[PDB]
Each structure stands twice: as structure tokens, then as C-alpha cells.
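Only one chain comes next, encoded as C-alpha cells, the form deposited in one PDB entry.
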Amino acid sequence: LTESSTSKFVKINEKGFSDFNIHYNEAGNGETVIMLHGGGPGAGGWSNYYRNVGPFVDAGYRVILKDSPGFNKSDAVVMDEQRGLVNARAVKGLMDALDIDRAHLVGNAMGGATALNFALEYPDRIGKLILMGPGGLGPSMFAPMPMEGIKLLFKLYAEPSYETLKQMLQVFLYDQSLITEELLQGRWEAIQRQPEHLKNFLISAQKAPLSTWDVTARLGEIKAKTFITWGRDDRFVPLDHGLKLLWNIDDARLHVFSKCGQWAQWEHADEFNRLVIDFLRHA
């Protein structure tokens, strides 16, 4: 499976979105699992989840790696509401467009925020909920904020360069030897191809700062069975937010990988794939 062979577009119509173009990569044909990426410059569905799509499709799922509005090959957008909520409306838009009644959601960082908002706004449309260091859950009890990785994310958005890209990835990943030329050129190309996105993210972050993403107070409403994952060494979203979800969501469990940054699904792909497939099959 490749990016090109799985690539598709659909136009969505939900709330603020009027014939809005969403790019996604799809493979398999069983029950739908939608995977949602983080918010750093150059992020997208395929580059975030290409180590997971095959094992999940092999397990019998239909995998959709979604480009969120204002990322990769989805349409440009300036948001005046918190991104989690706006992203969640796009997921619903996508699901209505494709005649998907219910989906399992997998979400990393911004995508975790998106998945949380989806489960809150559309409880009838979600199956299980897999959350990987979800962003925007308010203050940490230990970590000064903005987090180190968040400052680097904003620096790269404002002053894009290859060197700053590299500095950011060095913070996002625990194992530095995973930072190959392929990884760097990939993200770099995604940044170069659509400069509008970087500009629009910064404008959006002015209208709705990260403090406006906090849906902590509503976590008690989530009835979806929930699997929370964290990287022990995540410098982007703090580890105690894993406890926060575990205490506040009715039916949750927490799995923390050692030697792992913000991309558990990439840095610990085999173990991640096994744990989440097992959870989707048996929890």
C-alpha cells in the first residue's frame, strides 16, 4: 500500500463547511477506523500512520487516514473556534459523505483533541476511542506551559526552515537515530507545498488559543470504551494528562511506553499495533 494508491478526496458539508475538500488515504473494507494526526507543520494522515495502516487492514479493518482541515492536501482554512471541535465536525462531515454510521477513532495530540470532541458532540457515531497524548486538556500539575515541543511547533510555523524542522523532530522523537533524511524531506516537502497552511494556523491560534481547547469539564459524558496511550518522554503534552483522562473517563485504561516521544504509533509501532488491535477486537 502506498500514499498514491490509497489517496482519495471527498467534499464535506457540515456546520461551517461548505463543499470543503478533505483528502484521505483509505485501505481495507471491514469496520471503519479513522486515524487523526497531530498539528505540527507538515503533518498529515499518511506520514503519521503509514506504519499502522497495513497491520490494521490485515486485522480486517477499513482504515481511513484523514487530513484535518488546514493540513496537507485538505483545503486551507482559518478557524475562529478551538481546532478540536472544528476538526470533529469535519470527521462527521466525512462520515456522512461516505455513508459511515459508526467509526473507531485513533487520535494523536491534536488528533486526540479531535477524537475527544467527536465523542462528546456525536456519541451515537463513535465506536471505541484510542487517545495518544491528546492536546489542549488545560494546565499540567507538573509541567510549565507552553511545553517545550509546543514552543518549537510555533517557532517552525512562524519561521519555517529545514534546520528548525530538524530541531522540532529531535524533540518530538525519543530515539534520534529515527530522524532519517527520508523523514526530514517528507515533512519539509509538506511544508513547502502549502505555505498558506502555516500562515493560517498562526492566525487560527490567535483567534482561539490552546487554553480554549480544554474540554476537561465534559469528560464525564464519554461512554465510549477508551484506550489512552502516552510516551513517557513526551515533551509536547504532559504525562499527568494521561492520569487526568484515566480518572475522568468512565471506562478507560492507560498504557505508557518507555523511550517514546509524541509518536508512539511510529516509535513503538509493533507493540502499539498489537495493543490497539487487541482492544478493538476484545474490549
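Start at 1 with the first residue shown and count on from there.
Below, we turn to the form deposited with a small molecule bound, even though it does not appear here.
Look at 96-104, 74-82, 150-158, 118-126: in the deposited bound form, residues with non-hydrogen atoms within 4.5 angstroms of the small molecule sit in 150-158.
At the 4.5 Å threshold, heavy atoms of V237 reach the small molecule in the deposited bound form.
At the 4.5 Å threshold, heavy atoms of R89 stay clear of the small molecule in the deposited bound form, well away from it. Contact between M168 and the small molecule in the deposited bound form is found at the 4.5 Å heavy atom cutoff. Contact check for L210: a heavy atom falls within 4.5 Å of the small molecule in the deposited bound form. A43 is the sole member of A224, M35, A43, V53 with a non-hydrogen atom lying within 4.5 angstroms of the small molecule in the deposited bound form.
Screening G231, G39, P69, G242 for any heavy atom within 4.5 Å of the small molecule in the deposited bound form leaves a single hit, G39.
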